[PDB]
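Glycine gets a Cβ as well: all are built from the backbone with ideal geometry, and neighbour counts include every protein chain shown. FYI, it's all coordinate maths here, none of it is from the lab.
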Amino acid sequence: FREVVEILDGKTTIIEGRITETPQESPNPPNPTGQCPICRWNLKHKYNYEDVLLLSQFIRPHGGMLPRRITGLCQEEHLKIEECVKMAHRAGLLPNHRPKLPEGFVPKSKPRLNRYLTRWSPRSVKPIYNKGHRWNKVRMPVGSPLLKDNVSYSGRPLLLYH
Amino acid sequence: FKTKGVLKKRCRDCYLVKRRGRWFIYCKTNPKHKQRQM
Amino acid sequence: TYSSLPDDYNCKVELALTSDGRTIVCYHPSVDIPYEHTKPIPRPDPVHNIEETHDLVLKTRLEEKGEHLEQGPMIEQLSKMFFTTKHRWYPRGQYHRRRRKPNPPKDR
Amino acid sequence: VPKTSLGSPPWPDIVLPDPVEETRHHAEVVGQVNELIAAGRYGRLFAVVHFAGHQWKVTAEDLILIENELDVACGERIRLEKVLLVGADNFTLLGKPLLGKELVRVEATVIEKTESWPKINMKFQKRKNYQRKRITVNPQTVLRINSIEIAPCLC
Amino acid sequence: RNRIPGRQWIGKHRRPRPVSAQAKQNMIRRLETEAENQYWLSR
Amino acid sequence: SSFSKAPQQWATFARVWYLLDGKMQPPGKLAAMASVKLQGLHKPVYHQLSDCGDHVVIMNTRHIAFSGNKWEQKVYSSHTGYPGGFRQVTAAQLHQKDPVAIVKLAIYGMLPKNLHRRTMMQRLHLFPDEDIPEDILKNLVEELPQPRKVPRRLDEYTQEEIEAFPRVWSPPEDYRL
RNA sequence: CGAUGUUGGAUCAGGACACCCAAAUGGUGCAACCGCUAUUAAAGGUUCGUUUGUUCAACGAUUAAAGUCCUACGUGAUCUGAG
Ligand SMILES: [Mg+2]
Ligand SMILES: [Mg+2]
Ligand SMILES: [Mg+2]
Ligand SMILES: [Mg+2]
Ligand SMILES: [Mg+2]
Ligand SMILES: [Mg+2]
Ligand SMILES: [Mg+2]
Ligand SMILES: [Mg+2]
Ligand SMILES: [Mg+2]
Ligand SMILES: [Mg+2]
Ligand SMILES: [Mg+2]
Ligand SMILES: [Mg+2]
Ligand SMILES: [Mg+2]
Ligand SMILES: [Mg+2]
Ligand SMILES: [Zn+2]
Ligand SMILES: [Zn+2]
């Protein structure tokens with residue numbers, strides 16, 4: 001991995017690019033002929049929002065996702081992983097992947113509401129005051145439709161709207 | 001801002017951004033091109 | 001050893017099939033609570049009303065405990081003590097009192 | 001090997017005993033139950049039996065009411081042939097779906113051959129002037145289960 | 001608040017009651033039975 | 001088994017106190033099992049007319065979790081009766097005002113709609129945190145399992161498990177995060 | 001149809017928002033004052049008089065404004081009977 005360091009001395013600035021050792025891929029993938037990382041490690045339709053050990057492999061230290069041209073994923077797997085990362089960040093998983101602000105960490109606010117499988121942004125949803133009757137019912141989306149193809153051991157389809 | 005059902009860019013400087021759950025045509029050169037998806 | 005259900009709660013199930021195959025037998029001896037899974041009985045004995053001058057008066061003080069309350073607060077106390085609602089303790093009229101069976105049937 | 005949430009099934013993995021050891025253990029258990037029966041160490045037996053279209057869980061000195069008349073006189077003894085289940089404080093024998101006549105024997109004495117209380121059956125139709133009233137008096141029989149015996153012929 | 005004009009099931013505007021997976025499975029089972037029947041009625 | 005009639009009756013129909021930790025648990029999944037215990041549908045001696053019903057003590061009520069955006073989408077509507085007195089409060093606002101309210105309403109809704117609902121609701125004790133009076137604490141018998149398995153956050157993971165999990169891809173050395 | 005008593009007005013108003021005023025903003029062929037549109041918001045207000053039975057309508061004087069409707073064209077076991 002590459003880092004940029006800045007040095008200031010006597011109104012003179014020097015920026016340097018330092019390369020440190022980075023982890024490499026594990027020696028034995030179960031499906032070596034796959035052209036895609038997830039699809040060759042046999043994790044397709046196998047991860048969820050709570051699999052942080054996989055979701056944190058490729059995200060920036062401040063929580064941002066990594067570009068597809070760098071990660072190597074196929075488009076659908078990239079979208080699924082991006083949605084899973086968003087859901088984990090909203091649920092509260094990955095607590096060390098946030099920027100550090102000492103000035104803003106002191107003014108504590110109201111306690112965070114526990115949540116999980118959150119599809120939309122918490123600040124963009126309006127409360128459903130009407131809620132409809134049985135024939136026209138306003139359903140609350142839960143989870144994401146991108147993960148509707150995950151393996152279901154019980155056989156019951158996931159309730160994405162409830 | 002004009003609230004519309006279909007958003008279209010009226011120049012080359014209009015950019016489409018998703019905010020507050022809606023889609024927006026924001027324009028800086030021509031502020032009259034501000035459109036909000038209903 | 002094998003058992004479909006744990007053998008920790010009150011019986012030890014051992015299933016088997018007869019050689020003919022037409023009968024399923026099962027031996028389920030009861031299980032006693034081990035001595036290490038119990039606690040000693042707590043003893044509550046305190047006589048704080050005893051007096052060194054008059055034991056008869058000491059006994060009278062401990063035996064003459066009385067209290068009276070109105071229907072409202074009394075029913076509230078009963079409901080709080082038995083974890084019920086106040087509506088259970090209110091009486092009923094003659095029409096409902098006289099229609100109760102004087103000699104209800106008894107089984108066993 | 002990756003360990004994700006959906007990579008493994010969400011139930012404990014079950015391993016079953018080898019068939020020959022299972023058969024040997026079954027033989028041992030059957031022998032122990034048979035020796036208990038032969039020694040007669042069981043205190044009291046209950047039995048689930050099939051009689052007159054219903055299944056009854058009866059013990060000794062028991063009373064049952066059957067909603068139909070039987071072709072016997074009062075005070076006659078009757079062997080209940082269909083016994084589905086037998087049980088005691090220690091062991092329990094199940095049928096597939098029935099037990100053996102030589103294995104279990106249940107006797108019941110006929111007590112009373114009577115008729116039931118008058119049951120009302122009324123059909124009524126709104127604003128159609130259709131009312132129909134009927135009285136049902138179903139014959140009934142009372143059986144006293146006396147004894148439940150089990151034999152050591154359990155292979 | 002969400003009234004259904006007229007009766008629920010007869011008018012031009014009816015109740016939008018949907019089709020369930022149980023209903024689909026029942027219809028599929030009936031179709032399989034009828035296919036077997038029309039096979040047996042062939043020769 | 002050879003009990004006398006009265007002690008056998010007392011043992012059979014005795015009331016039991018159950019504990020339930022509500023930390024990071026869905027209020028609906030808490031309320032379903034709490035209502036089952038309150039009604040007594042877990043007893044083979046259960047009957048509608050009998051008063052068979054056990055006490056349920058739910059702790060960590062303030063730390064419940066709603067799946068999805070229910071915190072901002074689910075609303076609770078009340079009416080004071082007076083004209084213009086219809087209030088619709090968001091789930092988050094109701095939780096901030098009263099932590100007990102969300103699970104209390106869930107259990108009240110899941111309970112049967114007869115007159116016994118109030119009586120068996122009087123047997124439900126809800127505590128915002130793990131601060132239970134000793135009188136209630138000494139009555140507890142067993143703690144029911146939490147209906148939802150709470151996932152562990154990344155820093156809670158063991159280093160052994162972190163290194164055991166494979167690296168599915170090899171980032172380039174020249175890339176800068 | 002073995003009766004669901006009508007317009008208008010008086011008294012009291014409940015509600016909706018498709019907001020007239022009051023509040024926060026976007027665009028203007030928005031220089032400022034006046035304006036024209038659109039977004040969000042319904043806790044509170046929304047006049048007194050001449051003619052007409054009038055709802056409407058014209059006119060006079062003002063107001064921050066003198067909103068559109070639903071309520072058995074709200075309300076006659078509360079009132080009037082001008083039509
Ligand atoms: Mg209708
Ligand atoms: Mg219709
Ligand atoms: Mg008429
Ligand atoms: Mg009449
Ligand atoms: Mg009003
Ligand atoms: Mg509006
Ligand atoms: Mg204004
Ligand atoms: Mg108003
Ligand atoms: Mg009209
Ligand atoms: Mg009227
Ligand atoms: Mg009236
Ligand atoms: Mg009138
Ligand atoms: Mg009058
Ligand atoms: Mg006249
Ligand atoms: Zn792929
Ligand atoms: Zn533009």
Would you work out which of F:61, F:119, A:136 lies farthest towards the positive end of the dipole of the protein assembly as shown, given +1 charges on the beta-carbon of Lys and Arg and -1 on that of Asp and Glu, about the Cα centre? A:136
Gaussian network model of chain D, springs between alpha carbon atoms under 10 Å - residue of D:41, D:105, D:24 with greatest fluctuation: D:24
Taking every pair of alpha-carbon atoms in chain C, what share in percent sits in each 10 Å bin, from 0 to the bin with the longest distance? 9, 13, 14, 18, 21, 15, 7, 2, 0
All-pairs Cα distance distribution in the protein assembly as shown, expressed in whole percent, bin size 10 Å: 2, 8, 12, 16, 18, 17, 12, 8, 4, 2, 0, 0, 0
Taking the alpha-carbon distance from residue A:131 and a cut-off under 20 Å, which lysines remain once sequence neighbours fewer than 8 residues away in the same chain are dropped? F:70, F:74
Each label sits 7 Å from Cα toward the beta-carbon; between residue D:72 and residue F:5 the label points are separated, in nm, by 3.1
When a/c reaches 1.5 or more, the comparison of a/b and b/c decides; with that in mind, is chain A rounded, prolate or oblate per its Cα gyration tensor? oblate
Dipole check, the protein assembly as shown, charges on Cβ (K,R +1; D,E -1), about Cα centroid: among C:42, E:39, D:47 the Cα furthest to the positive pole belongs to E:39
Structure-based [θ]222 nm, the protein assembly as shown - -39500 (n - 2.57) summed over DSSP H runs of at least 4, per residue, nearest 500: -6500 deg cm²/dmol
With x for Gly and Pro, the residue-by-residue ³J(HN,Hα) of the stretch C:32-46, computed from phi through the Karplus equation 6.51 cos²θ - 1.76 cosθ + 1.60 at θ = phi - 60° and given in whole Hz, is 8, 6, x, 4, 6, 9, 10, 10, x, 5, x, 10, x, 9, x
Rg over Rh, two decimals, chain D (C-alpha only, Kirkwood Rh): 1.25
To the nearest 10 degrees, how steep is helix C:71-82 against the longest Cα principal axis of chain C, on a 0 to 90 scale? 30
Point-charge dipole on Cβ atoms (K/R +1, D/E -1) for the stretch D:12-155, about Cα centre, debye to 20: 1640
Which value in Å is the Kirkwood Rh of chain F over different Cα pairs? 19.6
Nearby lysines by direct alpha-carbon distance to residue F:138 (threshold 24 angstrom, same-chain neighbours under 8 apart not counted): C:39, C:80, F:23, F:37, F:43, F:104
Karplus ³J(HN,Hα) for the stretch D:25-40 (6.51 cos²θ - 1.76 cosθ + 1.60, θ = phi - 60°; Hz, whole; x = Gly/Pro) runs 5, 5, 4, 4, 5, 4, x, 5, 5, 5, 5, 4, 5, 5, 5, x
Going through the DSSP H helices of chain F, which span 15 Å or more along their own axis at the Cα atoms while scoring at least -0.5 as a mean Kyte-Doolittle hydropathy? F:27-39, F:99-110
Could you pull the Rg and Dmax for chain E, using just the Cα atoms, both in Å? 18.1, 60
Any chance you could give the angle, 0 to 90 degrees and rounded to 10, that helix A:75-91 forms with the longest Cα principal axis of chain A? 90
For residue A:80, go through the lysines and keep the ones whose alpha-carbon is under 16 Å away, minus same-chain ones fewer than eight residues off. A:44, A:46, A:148
